[PDB]
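Chemist: Attaching a single structure in structure tokens format; questions to follow.
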Amino acid sequence: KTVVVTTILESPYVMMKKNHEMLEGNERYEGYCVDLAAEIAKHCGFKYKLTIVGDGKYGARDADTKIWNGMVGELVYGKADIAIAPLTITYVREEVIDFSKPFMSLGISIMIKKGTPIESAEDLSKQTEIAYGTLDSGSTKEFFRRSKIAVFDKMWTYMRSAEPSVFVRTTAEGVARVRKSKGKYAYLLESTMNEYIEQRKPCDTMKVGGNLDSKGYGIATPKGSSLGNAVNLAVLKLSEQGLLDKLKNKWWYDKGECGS
Amino acid sequence: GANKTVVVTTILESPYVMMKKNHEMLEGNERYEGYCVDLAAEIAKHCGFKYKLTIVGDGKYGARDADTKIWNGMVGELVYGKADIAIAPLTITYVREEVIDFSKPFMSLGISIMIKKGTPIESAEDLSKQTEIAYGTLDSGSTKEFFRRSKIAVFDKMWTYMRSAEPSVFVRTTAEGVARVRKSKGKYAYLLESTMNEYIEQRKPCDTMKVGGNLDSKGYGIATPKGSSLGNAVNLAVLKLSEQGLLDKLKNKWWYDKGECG
Ligand SMILES: NS(=O)(=O)c1cc2c(cc1Cl)N[C@H]([C@H]1C[C@H]3C=C[C@@H]1C3)NS2(=O)=O
Ligand SMILES: NS(=O)(=O)c1cc2c(cc1Cl)N[C@H]([C@H]1C[C@H]3C=C[C@@H]1C3)NS2(=O)=O
Ligand SMILES: N[C@@H](CCC(=O)O)C(=O)O
Ligand SMILES: N[C@@H](CCC(=O)O)C(=O)O
């Protein structure tokens, strides 16, 4: 009767606690999605086990093999019962798994090292001194691959062939590359993650320009799962009680690392 | 059996659905224009159905009578089988999700405050702590329900005031709330969704303003009767339109490209 929850190590959604090496089970983890999982499970009346996605990916389909990886794959192949993570609701994913109504909003955004002479996606597209890229196997990369918008398509044509690769395996790696590249790398990532990082030491990154799109994260289940309806009602209840706002404010709490 | 014209319930709410110039000699869907008229056409094209737009009889979004338990508005038209789909600025809410289905959201919004320019109010907390400036909400919608149900002290305080205020602070249509702000010399502020607030802020005579942050975060969805076979296709259409940038293009068309305040 224990529900297997797939999730991903992505700050501040799920993180290893201090001294996690002597902790066990769900108690190893903390973050927005850890708290959200506990609330959803309490409303729906299930016990659950948090498991970190084996390949560390969000989820994409191989164009050749047509196999899904990441958390999406874990749902598709029956390795998990639900995904509670910053997993973007997208058309291609909705074809193969189910999603609750969104629990958090986001859009694609630009992270620069402070002082970089870039204010917009158009700015990035019109120059070549500053490299830029995205996370592999997620919705941001797919956004650029599929876009017919001139600026974004121009960006895709550059990124897909850039050498060395501009794509990164994890968000943390993209952020580190921004920080270490003396302004010669900018990173395309979701506004949620960008805003979290902007408020943390060493306070050397910034979000610039407006978001490139508008969407949300949802709780995902395998297609047709019996859990979907109750999970969706739980998201709506927690939204209306103000609990999703409370969790956002807790995990994006500003302690004054950067200025004050 | 054979394909049948889909009955779309919607609501006369600018800029979502508006009477076209020359509507008096036009018929059918041609009578109307706006964001939801354009959206209905896109959804119908993707889903492969023909449709008839029909303005909700009672002019309401939809609420359940606590005594009779009967649903009114667009929600009621779906619940009682009078319409096949609602394409409107209909907020996705818990109590509605219990009785009808919703697509993923096609537009985001939150509850917000509209003031007459110069009114000395910056926030809901400001409103809650004074009595000179009256304030209220639309009837039979999700904003009123938000206040009625809130356990948050500031919003509970606001509800306690609004529910007993005399004369009534509630309005039957958004237009009536706008008029009350505009005519009340700063002595009425209106609680309404950020989408509608931002639209009115760009309409003549450019005398209103949104103040403060939004009080919540939610969205509008396309609604169908519970279990309707149309829901899956409509949902995928919303996602496709979102990802193609078409929803953003439509919002800019109806809010900003046509703005009258500069
Ligand atoms: N401010 S936020 O992104 O934490 C945030 C974002 C969102 C919230 C709640 C919060 Cl707190 N709830 C809404 C939900 C309420 C109902 C209407 C839309 C979904 C279903 N989703 S959202 O609009 O994606
Ligand atoms: N900027 S906006 O409100 O017009 C707006 C708002 C939204 C859009 C698209 C636009 Cl253009 N799409 C998203 C949709 C994309 C997928 C993720 C959440 C739903 C399904 N809904 S939203 O986040 O409510
Ligand atoms: N939230 C994204 C991952 C991050 C990104 O692609 O920027 C997804 O669900 O794929
Ligand atoms: N969108 C709201 C109506 C507007 C409001 O309540 O402010 C609803 O679906 O009830």
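Residue numbering: from 1, along the chain as shown.
Backbone N, Cα and C define each Cβ position, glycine as well.
Summarising the annotation, Swiss-Prot assigns L-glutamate binding site to B:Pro89, B:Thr91, B:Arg96, B:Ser142, B:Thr143, B:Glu193. If you look up Swiss-Prot, you'll see B:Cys206-B:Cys261 marked as disulfide bond, on the strength of experimental evidence. Feature annotation from Swiss-Prot assigns N-linked glycosylation site to B:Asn3. Annotated phosphoserine per Swiss-Prot: B:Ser150, B:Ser184, in sequence order, evidence recorded as experimental evidence. Here Swiss-Prot flags B:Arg64, B:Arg148, B:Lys240 as site 'Interaction with the cone snail toxin Con-ikot-ikot', drawing on experimental evidence. Per Swiss-Prot, the feature site 'Crucial to convey clamshell closure to channel opening' maps to B:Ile121; the stated evidence is experimental evidence.
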Chemist: Give me the CA-CA distance between B:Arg64 (site 'Interaction with the cone snail toxin Con-ikot-ikot') and B:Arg96 (L-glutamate binding site), in Å, as a whole number.
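Modeler: That comes out at 9 Å between the alpha carbons.
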Chemist: Do you know offhand how many angstrom separate B:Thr91 (L-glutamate binding site) and B:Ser150 (phosphoserine) by C-alpha?
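Modeler: Spelling it out, the Cα of B:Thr91 (L-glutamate binding site) and the Cα of B:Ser150 (phosphoserine) are 17 Å apart.
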Chemist: Restricting to the chain of B:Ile121 (site 'Crucial to convey clamshell closure to channel opening') and a gap of 6 or more, list residues whose Cβ falls under 8 Å of its Cβ, or answer none.
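Modeler: Looking at Cβ-Cβ distances below 8 Å from B:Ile121 (site 'Crucial to convey clamshell closure to channel opening'), excluding near sequence neighbours, one finds B:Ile113, B:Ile115, B:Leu127, B:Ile133, B:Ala189, B:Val211.
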Chemist: Looking only at Cβ atoms, how many others are within 10 Å of the one on the residue listed as 'N-linked glycosylation site'?
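Modeler: Taking every protein chain into account, the count is 8.
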Chemist: Provide the list of recorded positions among B:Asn3, B:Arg64, B:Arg96, B:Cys206, B:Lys240, B:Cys261 whose C-beta sits under 8 Å from chain A at the C-beta level, in sequence order; use 'none' for an empty result.
Modeler: B:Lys240
Chemist: Out of B:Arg64, B:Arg96, B:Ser142, B:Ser150, B:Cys206, B:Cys261, which recorded positions lie by ligand 4, with a C-beta less than 6 Å from some atom of it?
Modeler: B:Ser142
Chemist: Quick one: Cα separation, B:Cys206 (disulfide bond) versus B:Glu193 (L-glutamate binding site), in Å?
Modeler: 18
Chemist: Out of B:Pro89, B:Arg96, B:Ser142, B:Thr143, B:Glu193, which of these binding-site residues is nearest B:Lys240 (site 'Interaction with the cone snail toxin Con-ikot-ikot') by C-alpha distance?
Modeler: B:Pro89
Chemist: If you take the centroid of the Cβ atoms of B:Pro89, B:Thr91, B:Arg96, B:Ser142, B:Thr143, B:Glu193, the listed L-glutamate site, which other residues of that chain have their Cβ within 8 Å of it?
Modeler: B:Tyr61, B:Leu90, B:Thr93, B:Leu109, B:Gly141, B:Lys218, B:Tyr220
Chemist: Please name which of the recorded positions listed here, B:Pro89, B:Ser142, B:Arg148, is nearest in space to B:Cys261 (disulfide bond), Cα against Cα.
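Modeler: Of all the candidates listed, B:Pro89 is nearest in space.
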Chemist: Return the count of C-beta atoms lying within 10 angstroms of the C-beta of B:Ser150 (phosphoserine), excluding that atom itself.
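Modeler: Excluding its own Cβ, B:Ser150 (phosphoserine) sees 19 Cβ atoms within 10 Å.
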Chemist: Could you state the CA-to-CA distance between B:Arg96 (L-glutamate binding site) and B:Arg148 (site 'Interaction with the cone snail toxin Con-ikot-ikot') to the nearest Å?
Modeler: 16
Chemist: Going by DSSP, is B:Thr91 (L-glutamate binding site) part of a helix, a strand, or coil?
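Modeler: In three-state terms, B:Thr91 (L-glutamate binding site) counts as strand.
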Chemist: Please report the distance from the Cα of B:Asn3 (N-linked glycosylation site) to the Cα of B:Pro89 (L-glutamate binding site), rounded to the nearest angstrom.
Modeler: 27
Chemist: Between B:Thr143 (L-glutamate binding site) and B:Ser184 (phosphoserine), find the distance joining the two CA atoms and give it rounded to the nearest Å.
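Modeler: Between the alpha carbons of B:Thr143 (L-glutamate binding site) and B:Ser184 (phosphoserine) there are 21 Å.
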Chemist: Reduced to three states, what secondary structure does DSSP give B:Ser142 (L-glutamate binding site)?
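Modeler: DSSP assigns B:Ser142 (L-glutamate binding site) to helix.
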